[PDB]
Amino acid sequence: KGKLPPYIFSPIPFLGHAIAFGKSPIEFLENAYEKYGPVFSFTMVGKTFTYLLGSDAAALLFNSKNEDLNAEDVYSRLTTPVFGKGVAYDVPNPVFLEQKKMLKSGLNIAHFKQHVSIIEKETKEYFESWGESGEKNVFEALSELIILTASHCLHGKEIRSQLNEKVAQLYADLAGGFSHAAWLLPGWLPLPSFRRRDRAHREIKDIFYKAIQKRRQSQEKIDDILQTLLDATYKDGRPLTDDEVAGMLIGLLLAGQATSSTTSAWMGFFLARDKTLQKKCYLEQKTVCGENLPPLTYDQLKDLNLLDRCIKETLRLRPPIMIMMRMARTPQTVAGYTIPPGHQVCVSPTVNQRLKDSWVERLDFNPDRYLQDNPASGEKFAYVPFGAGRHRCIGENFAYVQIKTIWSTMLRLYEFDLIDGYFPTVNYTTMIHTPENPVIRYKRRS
């Protein structure tokens, strides 16, 4: 009823810990865990945040209904300037639950089977630009490549043909909107997320202005996706506006690319640092697929068990979403505490996924940790890179098909090494944590 979580004293009124948290959020929450335990409260920018660390505490957020712990209250200020009005967190959840269902229509094994060859080809094609050896920014390459692979697979060849690698800079500017400043300040700032949204909306308006330029007397008779969004209605029978179609296409491409590009880069550096692990991943390709390395198949991906655990271990140590946030609209109880309405309630996949008391060798990249007892199978919410509950991801399978096919291809193409044994440190500029100085050394494989 009355037992508030312990509060972290700040000697600075109103601001609170906004600077220390924003600067080193993972170190901040781990230090707070040691001192205050799994549930604690602190001020940033005149607002109270309450963090739930470890499986048991995080369960409150993951088990919660949107009416009690509300996502759009927090996320709208972050996503609405990125996607546009009327989609995702700019509408009531029930409306968004209809948009989410629509974007799920192409996410099935039927489609993923087609996806494998598209991605393998785009990867083989893109990397011909890299030659026989060299030192290149693998994060800029994967950011470019995954605009092409995500759009081709999720959006289709029509939209894919209207996009190029330059769209990667637009999507890096959109992703720049996901920051501590956007999370906590009034939305009038010097940065360029705004310029990239208008440019991207324009492209998607001209792709379906072109499809809707035909949509007037045109009845297409070919298996499509893009018709899905143009041909859909809400449960009330109402069709999508051009603005709603546009915002959902921006959003699907962001979901397909922003999450996979950082994860794919990080996995590159984990594999370059562990040469023994990398040669085992390559040898696995030949063990599963054959010495001759013929075209990749969906049914092969499921048997790349070491590469699967390497992606799992990359999402453990460098998940692209480090925090998930809700507004408490109703009193909530956890670990014997009462959270009052108006608290912002957060969980951190990054903190849960390296918690000292659950994970052995917690900072080490060890894909074999999953072949014995581990908190990913042993606990409910210690490993939650794609979330859980009512706001959980719909693209986990697609993300695995995309990263596995790209890295299957890249490991067949090349051998990768660190430059001067430099391992990229974390960039906290945005809340999608990116590798600093992500220049990789490569040479032609075998």
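Position 1 is the first residue in the sequence shown; the rest follow in order.
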- Message: Quick check: 380-388 versus 43-51, which has the larger average CA B-factor in the record?
- Response: 43-51
- Mean C-alpha B-factor higher for 113-121, or for 210-218? 210-218
- Query: If you compare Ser260, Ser193, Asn292, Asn374, which has the highest Cα B-factor in the entry?
  - Reply: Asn292
- Query: Of the choices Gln227, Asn352, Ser179, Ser264, which one's C-alpha carries the largest B-factor in the record?
  - Reply: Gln227
- Compared with the other modelled residues in the chain, in which third is the CA B-factor of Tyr428? lowest
- Query: Which third of the chain holds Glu244 when residues are ordered by C-alpha B factor: lowest, middle or highest?
  - Reply: middle
- Just say lowest, middle or highest third for the CA B-factor of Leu418 relative to the other modelled residues in its chain. middle
- Query: What third of its chain, lowest, middle or highest, does the C-alpha temperature factor of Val401 fall into?
  - Reply: middle
- Task: Among all modelled residues of this chain, ranked by Cα B factor, put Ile204 in the bottom, middle or top third, i.e. lowest, middle or highest.
- Result: highest
